[PDB]
Amino acid sequence: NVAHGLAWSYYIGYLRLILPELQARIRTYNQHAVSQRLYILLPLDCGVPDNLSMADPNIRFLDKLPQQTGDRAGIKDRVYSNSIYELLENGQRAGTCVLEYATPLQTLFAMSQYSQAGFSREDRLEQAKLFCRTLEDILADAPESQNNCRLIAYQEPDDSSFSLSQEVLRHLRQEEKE
Amino acid sequence: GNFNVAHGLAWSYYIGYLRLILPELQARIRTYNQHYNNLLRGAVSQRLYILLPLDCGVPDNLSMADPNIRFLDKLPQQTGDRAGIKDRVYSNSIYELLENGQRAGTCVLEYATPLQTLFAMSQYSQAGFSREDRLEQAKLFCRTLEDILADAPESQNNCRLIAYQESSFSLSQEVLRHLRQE
Ligand SMILES: Nc1nc2c(ncn2[C@@H]2O[C@@H]3COP(=O)(O)O[C@H]4[C@@H](O)[C@H](n5cc(-c6ccccc6)c6c(N)ncnc65)O[C@@H]4COP(=O)(O)O[C@@H]2[C@@H]3O)c(=O)[nH]1
Numbered sequence: 154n155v156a157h158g159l160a161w162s163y164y165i166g167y168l169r170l171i172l173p174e175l176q177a178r179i180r181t182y183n184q185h193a194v195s196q197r198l199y200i201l202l203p204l205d206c207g208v209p210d211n212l213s214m215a216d217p218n219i220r221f222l223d224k225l226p227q228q229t230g231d232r233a234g235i236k237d238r239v240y241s242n243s244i245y246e247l248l249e250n251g252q253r254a255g256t257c258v259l260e261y262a263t264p265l266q267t268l269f270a271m272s273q274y275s276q277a278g279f280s281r282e283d284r285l286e287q288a289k290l291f292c293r294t295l296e297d298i299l300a301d302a303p304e305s306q307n308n309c310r311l312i313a314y315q316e317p319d320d321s322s323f324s325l326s327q328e329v330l331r332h333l334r335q336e337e338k339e
Numbered sequence: 151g152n153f154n155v156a157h158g159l160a161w162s163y164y165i166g167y168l169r170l171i172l173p174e175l176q177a178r179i180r181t182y183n184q185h186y187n188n189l190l191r192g193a194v195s196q197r198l199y200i201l202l203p204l205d206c207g208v209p210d211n212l213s214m215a216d217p218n219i220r221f222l223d224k225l226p227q228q229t230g231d232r233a234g235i236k237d238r239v240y241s242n243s244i245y246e247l248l249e250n251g252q253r254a255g256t257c258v259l260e261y262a263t264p265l266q267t268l269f270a271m272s273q274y275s276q277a278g279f280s281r282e283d284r285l286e287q288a289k290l291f292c293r294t295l296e297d298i299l300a301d302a303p304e305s306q307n308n309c310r311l312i313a314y315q316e321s322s323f324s325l326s327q328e329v330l331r332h333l334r335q336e
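First to last, the protein sequences are chains B and A. So the first sequence is residues 154 to 185, 193 to 317, 319 to 339, counted in the deposited numbering. So the second sequence is residues 151 to 316, 321 to 336, counted in the deposited numbering.
Structure representation (structure tokens):
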């Protein structure tokens, strides 16, 4: 139940507002190069650094997209912002895409840290998996949504085996095979 | 069941919004009044007023909800690098409350956005929630929020919840009764 409202929160409050307009934001920037899907990272351990360079230094910030505004909930001119990132291979750019973590997992982490929330670390992993499931299902019955974005769910055990940069690039190159 | 959904959303609203803005809020307001509002009976108040309509009916534009609520200006914006999003923007709007053709108050006013999700979830088949579910959920959302705020280090007389059931009714009047109470 907890993760269910979180998943609908994410779609209703954010994904259904911005995705419909994402290509126009790209085409604006691209013409005056970046892939036209939003890449959303879903780390099941819910460990989410505000800076991606923390998760892999081969992930460097490049630019912001043009902002988007909605008047919503009686707040005037609410701003939706996204960041473009380069992904490095042997010190040199290999890819470019719009990239971010799903914020609702950062909420799930903090709830596990605060006593009044009554939420164990075991609860957090199950709610994380649940969150991923629900979001995936919502995004299937909404093709106008799925076709503008790509989800990546994964799990880490300190495993020096794992490069977030390499995994994204694996997904980027595999899109180019279509 | 209807507890855990509501519970979840209340924590989300604290973690991801309230605990980040409530601390700076009074500085933001104070700056606004000193430099841009030398109206002696027309200052902005020091609390954020959060409308909690219990049917989860949330329009996007507060002005169309009631004509005695007029948009005036925005506080200076607050930004944070969040989850890989460089420069996320938290923003708040100042509204004038009109009564008997006069100005009766000025405050920072908004709906609790999470209520929009409770509505949708009771409209979409896939979510599987009734209207009665939504009403139970909205009640528990307010209760959990109150509990959270009563123990929160960021809440320091810098917040007020306004819950109401929702013709003849007037939103501004409702907000004015809370303003006057202080
Ligand atoms: N009043 C107000 N509330 C805010 C604000 N930011 C967050 N919250 C509320 O706090 C709770 C926990 O927030 P998150 O943990 O960040 O989850 C979000 C988030 O990943 C994604 N998203 C929501 C907003 C956005 C913008 C304006 C108003 C409300 C929300 C948003 C954004 N501009 N930029 C990038 N992602 C965003 O959609 C999920 C559901 O969002 P909401 O249901 O609409 O409201 C949230 C939520 O209920 C704000 O500026 N103003």
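Even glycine gets a Cβ: it sits at the ideal position worked out from N, Cα and C.
- Cβ-Cβ separation between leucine 222 (chain B) and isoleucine 244 (chain B): approximately 5 Å, consistent with a contact (criterion under 8 Å).
- Nearest to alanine 233 (chain A) by C-alpha distance, out of B:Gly234, B:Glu260 and B:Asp231, is B:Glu260.
- For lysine 236 (chain A), the closest of B:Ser280, B:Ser275, B:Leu225 and B:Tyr167 by C-alpha to C-alpha distance is B:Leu225.
- For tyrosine 261 (chain A), the nearest CB of chain B lies under 8 Å from its own CB, placing it at the interface with that chain.
- Counting the other CB atoms within 10 Å of its CB gives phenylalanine 323 (chain A) a total below 16, which places it among the exposed residues.
- For the pair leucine 204 (chain B) and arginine 293 (chain B), the Cα-to-Cα distance works out to about 11 Å.
- Not one heavy atom of ligand 1 falls within 7 Å of the beta-carbon of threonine 229 (chain B).
- In this structure, the C-beta of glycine 234 (chain B) stays at least 7 Å away from each heavy atom of ligand 1.
- Between the segment 251 to 259 of chain A and the segment 269 to 289 of chain B there are fewer than three inter-stretch CB-CB distances shorter than 8 Å, so the stretches are not counted as touching.
- Residue-level contact by beta carbon holds for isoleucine 165 (chain B) and chain A, with a gap shorter than 8 Å.
- For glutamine 176 (chain B), same chain residues with a beta-carbon under 6 Å away, outside a window of 5 residues either side, are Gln196 in chain order.
- Note that the C-beta distance between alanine 288 (chain B) and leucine 325 (chain B) is not below 8 Å.
- Rounded to whole angstroms, the separation of the alpha carbons of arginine 169 (chain A) and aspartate 231 (chain A) is 15 Å.
- Placement of the Cβ of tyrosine 274 (chain A) at a distance of 7 Å or more from every heavy atom of ligand 1 is found.
- Contact annotation: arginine 238 (chain A) and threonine 229 (chain A) have beta-carbon atoms nearer than 8 Å.
- Separation of the CB atoms of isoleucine 298 (chain B) and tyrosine 167 (chain B) is rounded to 12 Å, and the pair is thereby denied contact status at 8 Å.
- Around the C-beta of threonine 181 (chain B), fewer than 16 other C-beta atoms lie within 10 Å, and the residue is accordingly described as exposed.
- An exposed status is given to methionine 214 (chain A), since fewer than 16 other beta-carbon atoms sit within 10 Å of its beta-carbon.
- Remark: the shortest separation between the CB of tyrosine 314 (chain B) and any heavy atom of ligand 1 does not fall under 7 Å.
- DSSP places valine 329 (chain B) within a helical segment (H, G or I) once states are collapsed to three.
- Relative to the non-hydrogen atoms of ligand 1, the Cβ of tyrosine 240 (chain A) comes within a distance shorter than 7 Å of at least one.
- Per DSSP, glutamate 246 (chain A) is one residue of the beta strand (DSSP E) stretching across 243 to 249.
- Excluding sequence positions up to five before and after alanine 156 (chain B), its CB lies within less than 6 Å of the CB of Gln287, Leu290 and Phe291, all in the same chain and listed in chain order.
- Checking the DSSP bridge columns, you'll see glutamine 252 (chain B) partnered with B:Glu249.
- If you check the C-beta of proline 217 (chain B) against ligand 1, you find no heavy atom less than 7 Å away.
- DSSP places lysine 338 (chain B) in no beta strand (DSSP E); its state is neither H nor E.
- Taking a 10 Å sphere around the C-beta of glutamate 316 (chain A), we find fewer than 16 other C-beta atoms and assign the residue as exposed.
- The C-alpha of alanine 313 (chain B) lies about 24 Å from the C-alpha of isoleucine 179 (chain B).
- In terms of Cβ geometry, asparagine 154 (chain B) and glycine 158 (chain A) form a close pair [threshold 8 Å].
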